[PDB]
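These numbers come from the heavy atoms of this one structure, side chains and all, not from hydrogens, waters or symmetry mates. So you know, we letter chains A, B, ... as the sequences are listed, proteins then strands, and number each from 1.
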Amino acid sequence: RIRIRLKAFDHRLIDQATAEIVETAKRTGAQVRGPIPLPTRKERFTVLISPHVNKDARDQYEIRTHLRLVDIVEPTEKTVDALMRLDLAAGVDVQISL
Amino acid sequence: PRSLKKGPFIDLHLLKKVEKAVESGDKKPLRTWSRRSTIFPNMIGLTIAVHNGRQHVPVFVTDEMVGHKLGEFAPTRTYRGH
Amino acid sequence: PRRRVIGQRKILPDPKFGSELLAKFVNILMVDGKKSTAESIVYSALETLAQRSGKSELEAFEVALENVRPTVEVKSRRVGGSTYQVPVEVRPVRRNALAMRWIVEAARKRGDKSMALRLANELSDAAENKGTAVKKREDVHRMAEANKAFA
Amino acid sequence: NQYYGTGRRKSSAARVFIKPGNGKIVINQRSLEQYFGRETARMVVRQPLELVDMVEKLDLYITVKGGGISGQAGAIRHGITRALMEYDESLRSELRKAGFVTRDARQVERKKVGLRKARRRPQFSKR
Amino acid sequence: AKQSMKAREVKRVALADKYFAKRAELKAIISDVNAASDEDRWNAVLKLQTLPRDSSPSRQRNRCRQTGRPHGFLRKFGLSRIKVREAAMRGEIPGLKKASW
Amino acid sequence: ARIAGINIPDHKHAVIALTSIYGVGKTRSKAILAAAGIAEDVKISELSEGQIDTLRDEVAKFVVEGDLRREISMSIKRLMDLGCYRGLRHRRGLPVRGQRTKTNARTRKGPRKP
Amino acid sequence: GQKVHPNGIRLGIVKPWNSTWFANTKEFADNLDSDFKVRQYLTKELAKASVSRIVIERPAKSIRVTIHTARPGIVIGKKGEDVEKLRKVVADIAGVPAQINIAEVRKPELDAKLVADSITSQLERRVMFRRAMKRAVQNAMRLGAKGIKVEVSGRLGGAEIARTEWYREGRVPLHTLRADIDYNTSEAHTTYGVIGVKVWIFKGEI
RNA sequence: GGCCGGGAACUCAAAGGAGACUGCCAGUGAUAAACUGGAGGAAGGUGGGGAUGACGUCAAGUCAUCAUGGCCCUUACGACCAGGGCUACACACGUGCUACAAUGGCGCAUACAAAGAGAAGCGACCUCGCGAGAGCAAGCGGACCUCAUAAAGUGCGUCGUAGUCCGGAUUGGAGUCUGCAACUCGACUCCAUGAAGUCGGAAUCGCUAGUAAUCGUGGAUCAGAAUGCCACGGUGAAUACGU
RNA sequence: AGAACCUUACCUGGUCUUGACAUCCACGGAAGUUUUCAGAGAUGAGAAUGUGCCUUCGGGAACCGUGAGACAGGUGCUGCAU
Ligand SMILES: [Mg+2]
Ligand SMILES: [Mg+2]
Ligand SMILES: [Mg+2]
Ligand SMILES: [Mg+2]
Ligand SMILES: [Mg+2]
Ligand SMILES: [Mg+2]
Ligand SMILES: [Mg+2]
Ligand SMILES: [Mg+2]
Ligand SMILES: [Mg+2]
Ligand SMILES: [Mg+2]
Ligand SMILES: [Mg+2]
Ligand SMILES: [Mg+2]
Ligand SMILES: [Mg+2]
Ligand SMILES: [Mg+2]
Ligand SMILES: [Mg+2]
Ligand SMILES: [Mg+2]
Ligand SMILES: [Mg+2]
Ligand SMILES: [Mg+2]
Ligand SMILES: [Mg+2]
Ligand SMILES: [Mg+2]
């Protein structure tokens with residue numbers, strides 16, 4: 001029912017937040033389907049590292065957006081309040097739909 | 001080129017200038033910098049001086065210079081050979 | 001190279017005849033990685049050749065290979081001072097390689113109608129010792145034995 | 001009962017189920033012929049059964065995806081081998097000796113900065 | 001990088017988002033199949049060119065937010081490649097590390 | 001085989017032979033054939049004079065060799081006499097459509113002079 | 001001019017990031033420029049408070065700043081007046097509610113930013129660069145560090161030809177990724193120009 | 001129609017683990033290091049690729065990213081604007097792209113990818129237009145929707161070796177879109193045109209495998225504007241005697 | 001990692017000068033919105049509103065415009081001072 005999509009830049013942080021959410025549930029009520037991995041976005045950038053010329057000297061950086069989906073079904077409505085009012089891990093974006 | 005659904009292009013300063021000219025005499029060269037403005041049929045007989053970058057080239061407009069822009073008759077680069 | 005003993009490529013046998021030699025021929029004739037085109041050409045050419053020869057595709061192919069295949073080749077080299085032509089024997093794998101390469105080059109020359117027909121004509125001319133791949137082998141064998149003094 | 005083998009080759013992945021049957025070969029709801037127009041790809045797909053027992057003995061239901069024609073043919077051969085090893089495991093040595101069990105893990109090299117296509121260098125000039 | 005040119009960029013951004021939604025509706029008129037095709041759609045072509053040129057967003061340049069550099073810009077970060085590399089090495093950019101594959 | 005004042009070749013398919021008309025390309029050629037009802041894959045020799053003169057009065061709907069040549073000549077002469085930028089480019093024998101002139105423009109320029 | 005940034009190369013492995021927040025591409029550059037303004041302001045303010053790090057976090061429309069400093073008493077002041085001044089003048093430029101926390105650096109002699117800052121301050125006060133470098137090296141090695149490298153570059157001692165001088169002591173394995181290498185730079189603006197100091201401090205692996 | 005119920009097997013996703021260590025066998029070796037084969041193993045000995053660039057060198061490059069000592073200008077070397085220029089063209093060089101064709105061109109039909117991007121953004125479907133596109137307009141901040149038909153390939157015809165049904169420069173005309181604005185000086189489309197070019201002198205470059213070669217795809221920059229750059233997959237070689 | 005304008009640093013011409021961009025003073029004052037004319041535009045002239053948690057009526061933050069000077073500004077030079 002309720003879809004919680006978590007995205008972070010660090011997989012350890014997103015896994016800690018996901019465990020946090022799925023054990024915030026299972027205490028207020030059952031019926032959480034479990035976290036789905038979801039493909040990680042790897043956004044790459046390729047910049048020149050010299051201030052002048054040297055075209056072929058480049059640094060290649062990337063940001064890895066990690067993405068989890070919890071998919072908590074049939075809320076207890078003791079769980080919706082527990083899942084909101086939380087902005088934990090300070091670096092994990094949370095989108096709670098339905 | 002400029003799409004048909006948008007009409008031709010002319011700057012309003014040049015438009016008003018050529019209106020005033022075609023209403024009140026064909027004497028002075030209309031000094032314009034708008035090389036990007038299409039030459040309209042109500043500009044025939046005028047002697048519009050179009051900026052070429054450093055001078056104003058005099059262009060006596062004919063009815064054959066209609067589907068064109070003013071800049072096509074004020075060449076900007078100077079080349080006499082090598 | 002300078003350091004390594006080169007391990008050799010595993011080549012699959014020909015899917016139509018199970019002949020790794022024919023697969024190597026398809027590879028010699030392939031351009032731009034167009035292996036389907038190469039094997040189509042060689043299959044049409046071997047059909048035409050087996051028709052013109054009566055014998056098997058592989059048998060006529062081997063006959064042409066024998067007739068264009070070299071035994072000795074010159075090498076611009078030296079023991080010291082000046083680099084002259086030294087005739088060296090050709091090992092069998094290089095014999096097959098040079099035969100197939102000279103046949104493919106001769107067939108790419110002498111434009112007839114298409115590559116299949118040109119390859120068939122070259123293979124027939126080779127089986128009867130009159131193509132330009134045969135002349136390649138002949139002038140190779142004459143460069144050698146003109147440089148027979150060196151060894 | 002139903003012997004499975006995955007198989008992967010060059011961006012391609014197969015899923016090969018085999019059963020005791022009478023020669024069925026279906027790839028993505030198509031026969032071997034109407035799926036692989038390439039004689040070489042069909043030869044590859046049939047190699048691991050030509051090696052042991054293909055006359056009719058097995059029915060192959062294969063779902064392959066990713067990669068191109070030869071990639072899918074190689075992934076299919078790998079999956080067939082992996083399934084045959086789950087059915088008369090004693091064929092493992094006979095397969096290994098012909099190959100067919102090695103994953104064949106040679107992938108496309110990534111393009112590298114300053115290079116054209118990961119080894120092609122751009123036309124050096126002295127002066 | 002020429003405080004004057006950084007000020008030009010500030011002015012252009014302010015002018016563009018000021019005259020927005022007016023330039024937008026004039027362009028909507030000009031792009032409309034309707035509007036008489038001779039009077040409204042023609043006077044809109046003149047109103048648009050009487051609006052200040054710097055109000056057209058096609059005149060902004062996307063300089064680096066720190067150095068005002070017009071080239072080598074990256075929209076994800078808002079900085080030129082040089083400052084992006086500096087911040088990324090200092091760890092200022094979250095999650096951005098050296099990529100290898 | 002003598003359409004539009006010229007001598008389009010037989011032993012060629014009709015689409016290919018019609019393109020020999022100055023002013024008829026592939027598209028106009030197949031349009032002419034579709035209006036005349038003639039298969040594109042037939043040779044001009046394999047036609048009957050009714051088919052050929054229907055081809056003639058179908059090509060007649062298009063500006064062709066002499067008409068088109070003089071039309072283009074008047075376009076270029078108009079530009080040159082007007083003295084616009086394109087006219088000056090046509091005069092001096094330089095690219096007209098804003099192409100590179102520093103290194104290339106051999107087609108519009110001729111072979112290298114020195 | 002050929003070495004990778006140590007912190008940058010170890011950002012994934014052993015060193016942490018200095019900004020800890022997730023943004024989409026929409027507000028990413030905005031958060032980045034806001035962090036730049038915040039760090040610029042805090043550095044210029046606490047230039048005399050021996051600040052080593054400014055960690056930034058954006059938890060749900062707030063801005064949590066964490067000032068790793070060697071003078072926590074000086075950054076806090078009395079009554080918390082200084083931290084509340086900073087919280088106000090940080091929230092103003094961040095556009096969100098601010099929260100300034102302070103982390104005391106127990107060994108300022110083992111902090112590459114504080115060591116480089118001390119060296120550059122000495123160079124501005126015209127202390128001799130060899131003295132400054134050797135002092136920092138010995139201080140770190142005696143306070144306990146498996147290695148330290150100090151490097152100064154520029155018109156050292158006002159010389160007309162710039163040169164690089166560096167002192168190593170112990171181990172500074174730069175190619176080892178698991179190595180905990182605190183690296184940081186600073187620049188002294190002397191009457192002769194800029195002199196660049198960069199300090200590596202090794203503190204063991206894993 | 002994975003379309004639905006359903007299953008959690010498989011692919012896949014992405015977290016955590018195992019796995020490769022000369023670990024084992026034999027021989028050689030100074031009884032050493034190591035080397036040579038072999039087994040098993042998905043992989044074999046730094047498995048493949050990347051990142052990682054010692055002390056220094058070239059007073060190499062960058063004062064025009066930035067910062068900065070000094071010097072210099074400060075009713076101007078600062079600042080604003082319009083138009084022009086950076087696109088000039090007797091020439092020379094570098095790097096590319098497309099060709100010279102039949103292992104191909106064209107037409108019809110039909111397979112198989114990967115990796116990405118997307119909110120004044122990507123924009124299905126439907127309608128209109130030969131087309132570029134337009135109108136209307138869902139969906140999508142996304143393993144969901146869109147970009148987005150991969151192409152080479154394969155099958156079937158045709159062309160039949162011609163400067164050609166090769167080549168697609170150039171030029172004329174007619175347009176579309178972006179943008180205040182397409183003349184200088186955009187990209188693209190359609191019609192017409194059909195240039196040089198027949199495989200390139202002395203020379204010279206890259207590459208040891210999924211590499212070269214060839215085929216398409218995406219992205220950054222970006223209103224628009226790549227044959228460049230960065231990335232992705234498809235097909236897929238030849239050869240290494242040796243010094 | 002993308003010059004039509006912009007970019008842009010160059011040229012011609014039209015302009016400004018404590019200035020396009022900061023801080024500091026005093027003077028008059030809300031910020032904004034619409035609009036007319038002339039001009040290539042820069043810009044120069046002209047027309048109704050508008051009276052904010054600080055009004056202790058003193059004054060005030062914001063945003064202006066105007067004067068004078070510290071200054072600001074420089075993609076000006078030196079990469080052989082860094
Ligand atoms: Mg995505
Ligand atoms: Mg290059
Ligand atoms: Mg490739
Ligand atoms: Mg722009
Ligand atoms: Mg700037
Ligand atoms: Mg024609
Ligand atoms: Mg120098
Ligand atoms: Mg220089
Ligand atoms: Mg000036
Ligand atoms: Mg200008
Ligand atoms: Mg210009
Ligand atoms: Mg240039
Ligand atoms: Mg053609
Ligand atoms: Mg021709
Ligand atoms: Mg010729
Ligand atoms: Mg090598
Ligand atoms: Mg070989
Ligand atoms: Mg001036
Ligand atoms: Mg130097
Ligand atoms: Mg330097």
Next on the checklist: For I/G65 and I/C27, is it a pair or not, if I count Watson-Crick and G-U wobble only and require both distances under 3.5 Å?
Outcome noted: yes
Item to check | H/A34 and H/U28 base-paired, Watson-Crick or G-U, both contacts under 3.5 Å | outcome: yes
Checklist entry - Taking N and O atoms by type only, does the side chain of F/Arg97 place a donor or acceptor under 3.5 Å from a partner on the base of H/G172? => result yes
Next on the checklist: Base of H/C183, side chain of B/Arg36 - is there a donor-acceptor contact under 3.5 Å?
Outcome noted: no
Any N/O pairs under 3.5 Å between the protein and nucleotides 74-79 of chain H? List them or say none.
| from | atom 1 | to | atom 2 | distance (Å) |
| --- | --- | --- | --- | --- |
| H/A79 | OP1 | E/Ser4 | OG | 2.8 |

Checklist entry - Would you call B/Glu72-B/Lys69 a salt bridge at under 4.0 Å N-O? => result no
Checklist entry - Is the closest basic N to carboxylate O distance between C/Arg118 and C/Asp112 below 4.0 Å? => result no
Checklist entry - Quick one: do H/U36 and H/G37 stack, meaning six-ring centroids under 5.5 Å and planes under 30°? => result yes
Item to check | D/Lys111 vs H/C230: side-chain N/O to OP1/OP2 distance below 4.0 Å | outcome: yes
Checklist outcome for this item: salt bridge (charged side-chain N to carboxylate O under 4.0 Å, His left out) filter on G/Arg168, not counting sequence neighbours, yields none
Using the sign of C1'-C2'-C3'-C4', would you call the sugar of [N] north or south?
{"N": "H/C63", "value": "south"}
{"N": "I/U18", "value": "south"}
{"N": "H/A14", "value": "south"}

Can you figure out which of [options] approaches the side chain of [X] most closely?
{"X": "E/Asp54", "options": "H/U171, H/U211, H/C81", "result": "H/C81"}
{"X": "D/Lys65", "options": "H/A169, H/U171, H/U11", "result": "H/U11"}
{"X": "F/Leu94", "options": "H/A192, H/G49, H/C89", "result": "H/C89"}
{"X": "E/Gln49", "options": "H/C180, H/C230, H/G210", "result": "H/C180"}
{"X": "B/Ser3", "options": "H/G61, H/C177, H/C86", "result": "H/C177"}

Reading 5' to 3' through [range], protein heavy-atom contacts under 4.0 Å coded B for base, S for sugar-phosphate only, - for none:
{"range": "nucleotides 116-139 of chain H", "value": "-SSSB--------------S----"}
{"range": "nucleotides 238-243 of chain H", "value": "SBBBBB"}
{"range": "nucleotides 36-47 of chain H", "value": "-----BSS----"}

Taking only nitrogen or oxygen atoms into account, show me every contact under 3.5 Å that the protein makes with nucleotides 157-161 of chain H, one pair per line with its distance.
| from | atom 1 | to | atom 2 | distance (Å) |
| --- | --- | --- | --- | --- |
| H/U158 | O3' | F/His13 | NE2 | 3.4 |
| H/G160 | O2' | C/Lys113 | NZ | 2.6 |
| H/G160 | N2 | C/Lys113 | O | 2.9 |
| H/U161 | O4 | C/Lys113 | O | 2.9 |

Checklist outcome for this item: Interatomic distance, NZ@A/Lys42 vs CH2@E/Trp101, rounded to 0.5 Å, equals 10.0 Å
Item to check | Of B/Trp33 and E/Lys11, the one whose closest RNA chain I nucleotide lies more 5' | outcome: E/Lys11
Item to check | G/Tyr192-H/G69 aromatic stacking (under 5.5 Å, under 30°) | outcome: no
Checklist entry - Given the P atoms of H/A102 and H/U204, what is the spacing between them in whole Å? => result 30 Å
Next on the checklist: Please classify the nucleic acid contact of C/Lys35 as base, sugar-phosphate, or nothing, using heavy-atom distances under 4.0 Å.
Outcome noted: sugar-phosphate
Checklist entry - When we call it a touch if two heavy atoms are under 4.0 Å apart, what does E/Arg85 touch: a base, just sugar-phosphate, or nothing? => result nothing
Checklist entry - Has E/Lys22 got more than 12 heavy atoms of other residues, nucleotides or ligands less than 6.0 Å from its NZ? => result yes
Item to check | Any side-chain donor near an acceptor of the partner, D/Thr6 and D/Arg82, under 3.5 Å | outcome: no
